[PDB]
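A.B. asks: What follows is a single structure, and I will ask about it in a moment.
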Protein chains: 18
Amino acid sequence: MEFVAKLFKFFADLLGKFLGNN
Amino acid sequence: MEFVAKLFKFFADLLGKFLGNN
Amino acid sequence: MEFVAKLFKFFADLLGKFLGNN
Amino acid sequence: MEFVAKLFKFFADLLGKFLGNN
Amino acid sequence: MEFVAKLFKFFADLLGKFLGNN
Amino acid sequence: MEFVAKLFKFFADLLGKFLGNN
Amino acid sequence: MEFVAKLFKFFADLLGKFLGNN
Amino acid sequence: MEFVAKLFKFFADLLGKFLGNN
Amino acid sequence: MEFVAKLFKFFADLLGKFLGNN
Amino acid sequence: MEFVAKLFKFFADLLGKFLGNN
Amino acid sequence: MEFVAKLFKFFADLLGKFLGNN
Amino acid sequence: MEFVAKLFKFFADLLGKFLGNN
Amino acid sequence: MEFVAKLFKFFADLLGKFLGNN
Amino acid sequence: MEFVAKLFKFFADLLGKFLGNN
Amino acid sequence: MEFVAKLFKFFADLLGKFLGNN
Amino acid sequence: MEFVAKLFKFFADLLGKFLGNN
Amino acid sequence: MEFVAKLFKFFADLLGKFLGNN
Amino acid sequence: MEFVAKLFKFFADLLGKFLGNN
């Protein structure tokens, strides 16, 4: 995975830890 | 997928996490 | 500004960052 | 699909997410 | 401006960004 | 399909999404 | 301006963008 | 079909969408 | 102006855009 | 069909859409 | 002007656009 | 049919649409 | 002017456009 | 600033750190 | 500053220590 | 694992020790 | 300073002792 | 294990002796 995608995914995952995905 | 499409899709997906698709 | 206009403007601005306006 | 068609379709789809197609 | 006019204008403007007006 | 026809059809279709065809 | 006139004018203007008026 | 005929038919069809043919 | 006159004038004007008046 | 006949027929048909033939 | 006269005049004028009056 | 006859017939037919033949 | 006279005059004028009066 | 706008701005800013704005 | 913003800023700052801001 | 990923993971793990993952 | 911030700062400072800040 | 990892682990373990891991 390209670095900008990895970086974007880190932050979206980090937010998902707080707000959930389900 | 071309970068502008990937970028557009990221933001539409991100909004969909808040407002839903169904 | 109404939300659909704001959303449309975000994406047109985002494309403009890549392709320019001048 | 040609770029202008793809761009037009993105925005018509984006509006359809708010206002529906049925 | 009425919504259908605003929508029509958005798309005509968007095309004008690619093909010009002058 | 020729571009002017495609463009005309896009806008007539877009109006039809609001006002219907039946 | 009545809606059918406005609609007719939109399409005649749109064609004029391609073929000109002068 | 010749262009002037196609153009004439577009506008007569467009009016028919509002006023009907039956 | 009565509607049939307006409609007739639209089409005669539209033809005049292609074939001229002078 | 010759152009003047086609043009005449268009307008007579257009009037017939409003006033009928039967 | 009475409608039949107006209709007759429209068609005579329309022919005059093609064949002239002088 | 000669043009003057065709022209005469058009106008006599056009009047007949209003006043009838029977 | 009486209608039959007006009708007669229309056709005599129409012929005069083709064959002249001088 | 509304949360979705703040979130969108974070990611557009983050991309701008890599690709620039000038 | 809200916790999610503080957390996001920590990680963006941490990356900036490696990749720079100028 | 690349160093920036390892560093990011350390801090996300450290926070998870306080706030949990379930 | 809140404990999680103090803990985060300790580790970022500790790394800075090895890799520097300038 | 690399020295910075060993050092980080020492301090995280030391804190875990006070605050626990379960």
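Letters A, B, ... go to the chains of the structure tokens in the order shown; residues in each chain start at 1; ligands are counted from 1 in the same order.
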Output chain B as a tab-separated table (two decimals) with C-alpha atoms, in the first residue's frame, after least-squares fitting it to chain F on all in-order C-alpha pairs.
C.D. replies:
```tsv
chain	number	residue	atom	x	y	z
B	1	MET	CA	-23.69	9.48	-30.09
B	2	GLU	CA	-22.52	12.96	-31.06
B	3	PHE	CA	-21.48	15.25	-28.22
B	4	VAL	CA	-24.26	17.84	-28.58
B	5	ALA	CA	-26.86	15.04	-28.50
B	6	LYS	CA	-25.19	13.51	-25.42
B	7	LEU	CA	-25.18	16.89	-23.73
B	8	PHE	CA	-28.83	17.60	-24.57
B	9	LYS	CA	-29.77	14.09	-23.33
B	10	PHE	CA	-27.95	14.59	-20.04
B	11	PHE	CA	-29.97	17.71	-19.26
B	12	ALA	CA	-33.30	16.26	-20.42
B	13	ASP	CA	-32.58	13.17	-18.28
B	14	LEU	CA	-31.59	15.34	-15.31
B	15	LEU	CA	-34.94	17.25	-15.56
B	16	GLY	CA	-36.76	13.92	-15.89
B	17	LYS	CA	-35.35	12.87	-12.53
B	18	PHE	CA	-37.30	15.73	-10.93
B	19	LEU	CA	-40.48	15.88	-13.07
B	20	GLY	CA	-40.78	12.27	-14.27
B	21	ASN	CA	-41.55	10.66	-17.58
B	22	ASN	CA	-44.82	8.89	-16.60
```
A.B. asks: Report the residues of chain R whose backbone DSSP state falls under alpha helix (DSSP H), written as a PyMOL selection string.
C.D. replies: chain R and resi 3-19
